[PDB]
Amino acid sequence: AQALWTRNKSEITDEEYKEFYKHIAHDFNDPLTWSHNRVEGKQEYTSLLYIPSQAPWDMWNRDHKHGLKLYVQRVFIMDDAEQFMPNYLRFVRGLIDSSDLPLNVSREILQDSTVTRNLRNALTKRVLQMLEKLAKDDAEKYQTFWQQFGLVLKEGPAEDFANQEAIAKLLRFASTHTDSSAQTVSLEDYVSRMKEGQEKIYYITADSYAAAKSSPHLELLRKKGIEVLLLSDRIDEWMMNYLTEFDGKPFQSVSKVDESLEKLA
Amino acid sequence: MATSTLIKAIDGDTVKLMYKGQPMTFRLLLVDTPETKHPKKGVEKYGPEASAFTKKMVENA
């Protein structure tokens, strides 16, 4: 029973982490996973991040709850300090201790300052780590994650399309594969089921999944062995506005034709 | 081939997949290239550790 964030990982079993998440966030859902890192030398900061199973209501409120508990030298300064994670990584909730950032540090310093800017990108490495790691840690956890924070990661490829591919691997969409609202199939899972001549990634853009699903012709293609991605997210339309291609395979609308016949021509 | 592929499900005529939105985002995404061996600490998985072994039952769900 000590300050768990400054404690060494060897003593800190899973019990310690799963309890401490509920304690620090004032939340009572479980963490899917966590990333405890101790860093020293130049920047003496000890980070302890958690991935929520469920999205709090204040994840999409005008009053903010996304972010970490800011500590400086074991001393709590601020709560919900999101200036350690960009708005596209807003889901990460936990705490971070710094010996670099001042003790009188404000929310304004957290956003603007270059040392804290380097702190924020250093933690972005842990976010990418936890995300892909979570998908292979337990695919059920990442399924739960996306059904809560799926709109959040779609701010990513719409921001920077240069490294959109790193986020595109992580992105989950719905499909004709299954008539369920659970967004299971990634761009990974699409490429895995791609047929001969299917050089394009097929999408259907919809205001609601039920509206997409109400269409009979979905089963026509699944009967033939083709999968069409049913996209129902409002933000998705702005996400694919930048995400034009993944894995060398360019994207295709339902209202357009592709080269499937061209190979068999 | 028609104006669209054999999939006639929520079509119109033609479209550049989907587009048009207000730039609400600011700037920062994931790193690409440098697999930095120095930042690690949280090594391996914390679900079934690796393939499940010895310890792994139900404790770390």
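Residue numbers (PDB author numbering), protein chains in the order written: chain A, 230 to 494; chain B, 601 to 661.
Positions of the beta carbon are idealized from the N, C-alpha and C atoms, including for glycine.
Where residue i meets chain A, residues with beta-carbon distance less than 7 Å
| i | result |
| --- | --- |
| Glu659(B) | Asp243 |
| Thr654(B) | Neighbours of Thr654(B) on chain A: none; closest Cβ ~14 Å, over 7 Å. |
| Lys637(B) | Here the premise fails: no neighbours, minimum Cβ distance about 12 Å. |
Start-to-end residues for the beta strand (DSSP E) that takes in residue i
| i | result |
| --- | --- |
| residue 224(A) | What is shown of chain A runs 230 to 494, which leaves residue 224(A) out entirely. |
| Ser489(A) | It is not in any beta strand (DSSP E) - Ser489(A) instead sits in the alpha helix (DSSP H) that spans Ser489 to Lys492. |
| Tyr300(A) | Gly296 to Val301 |
| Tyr619(B) | Premise fails: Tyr619(B) is in no beta strand (DSSP E) and is neither H nor E. |
| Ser342(A) | From DSSP, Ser342(A) is part of no beta strand (DSSP E); its letter is neither H nor E. |
| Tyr317(A) | Run containing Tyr317(A): none; DSSP gives neither H nor E here. |
| residue 207(A) | What the structure shows of chain A is the stretch from 230 to 494, and residue 207(A) is not part of that stretch, so it cannot be assessed. |
| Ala403(A) | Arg401 to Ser404 |
CB contact flag (residue i, residue j, <9 Å)
| i | j | result |
| --- | --- | --- |
| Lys442(A) | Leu459(A) | yes |
| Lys492(A) | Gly426(A) | yes |
| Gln372(A) | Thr407(A) | no |
| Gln302(A) | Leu332(A) | yes |
| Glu361(A) | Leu399(A) | yes |
| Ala403(A) | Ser461(A) | yes |
| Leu416(A) | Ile430(A) | yes |
| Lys298(A) | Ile241(A) | no |
| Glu474(A) | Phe480(A) | yes |
| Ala368(A) | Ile610(B) | no |
| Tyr250(A) | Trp234(A) | no |
| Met359(A) | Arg319(A) | no |
| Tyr419(A) | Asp329(A) | no |
| residue 588(B) | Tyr432(A) | Any question about residue 588(B) goes unanswered here, given that chain B covers just 601 to 661. |
Residue i - containing alpha helix (DSSP H), residue span
| i | result |
| --- | --- |
| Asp326(A) | Careful: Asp326(A) lies outside any alpha helix (DSSP H), inside the beta strand (DSSP E) at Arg322 to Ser327. |
| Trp467(A) | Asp465 to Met468 |
| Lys478(A) | Looking at the DSSP string, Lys478(A) is not in any alpha helix (DSSP H); the run it does join, the beta strand (DSSP E), is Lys478 to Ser482. |
| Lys453(A) | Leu447 to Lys453 |
| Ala387(A) | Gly385 to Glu388 |
| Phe257(A) | Taken as a continuous stretch (DSSP letters only), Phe257(A) belongs to no alpha helix (DSSP H), as it is neither H nor E. |
| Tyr419(A) | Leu416 to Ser421 |
| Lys485(A) | Looking at the DSSP string, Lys485(A) is not in any alpha helix (DSSP H), and its letter there is neither H nor E. |
| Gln393(A) | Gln393 to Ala397 |
| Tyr471(A) | Counting along the chain, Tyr471(A) falls outside any alpha helix (DSSP H), and DSSP gives it neither H nor E. |
| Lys442(A) | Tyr438 to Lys442 |
Per DSSP, cross-strand counterpart(s) of residue i
| i | result |
| --- | --- |
| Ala368(A) | Answer by DSSP bridge pairing: none, since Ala368(A) is not bridged. |
| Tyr646(B) | Answer by DSSP bridge pairing: none, since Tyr646(B) is not bridged. |
| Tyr279(A) | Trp263(A) and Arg322(A) |
| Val457(A) | According to DSSP, which records beta bridges pairwise, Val457(A) is partnered with nothing at all. |
| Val268(A) | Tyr274(A) |
Listed by chain order, chain A residues near residue i by CB distance under 8 Å
| i | result |
| --- | --- |
| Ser651(B) | In chain order: nothing, as chain A lies at least about 11 Å away. |
Within chain B, the residues that residue i reaches when beta carbons sit closer than 8 Å
| i | result |
| --- | --- |
| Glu388(A) | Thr625, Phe626, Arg627, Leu628 and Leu629 |
| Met423(A) | Here the premise fails: no neighbours, minimum Cβ distance about 15 Å. |
| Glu466(A) | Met618, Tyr619, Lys620 and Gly621 |
| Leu490(A) | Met601 |
| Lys362(A) | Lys645 |
| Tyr431(A) | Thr605 and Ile607 |
| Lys238(A) | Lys641 and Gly642 |
| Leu357(A) | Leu630 and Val631 |
Interface residues of chain B facing residue i [CB-CB closer than 7 Å]
| i | result |
| --- | --- |
| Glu248(A) | Correct list: empty, because the minimum Cβ distance to chain B is about 12 Å. |
| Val321(A) | Simply none; closest approach about 13 Å. |
| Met469(A) | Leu617 and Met618 |
| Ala441(A) | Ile610 |
Closer than 9 Å at the beta carbon, the chain B residues around residue i
| i | result |
| --- | --- |
| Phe480(A) | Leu617 |
| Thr353(A) | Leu628, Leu629, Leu630 and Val631 |
| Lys383(A) | Those within 9 Å of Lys383(A) in chain B number zero; the least Cβ separation is about 10 Å. |
| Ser437(A) | In chain order: nothing, as chain B lies at least about 10 Å away. |
| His265(A) | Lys641 and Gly642 |
Pairing CB atoms from the segment 636-655 of chain B with CB atoms from the segment 323-340 of chain A, are three or more of them under 8 Å? no
Taking 8 Å as the cut-off, does the segment 372-386 of chain A touch the segment 301-308 of chain A (at least 3 CB pairs, one atom from each stretch)? no
Counting beta carbon pairs with one atom in the segment 387-398 of chain A and one in the segment 629-637 of chain B, are three or more of them shorter than 8 Å? Taking 8 Å as the limit for Cβ pairs, the verdict is that the segment 387-398 of chain A does touch the segment 629-637 of chain B.
* Asked: Between the segment 341-353 of chain A and the segment 369-382 of chain A, are three or more C-beta pairs nearer than 8 Å?
  -> no
Checklist entry - Would the segment 276-296 of chain A and the segment 317-331 of chain A be scored as touching if the rule is three or more Cβ pairs under 8 Å? => result yes
Is the segment 637-649 of chain B in contact with the segment 613-626 of chain B, if contact means three or more CB pairs nearer than 8 Å? no
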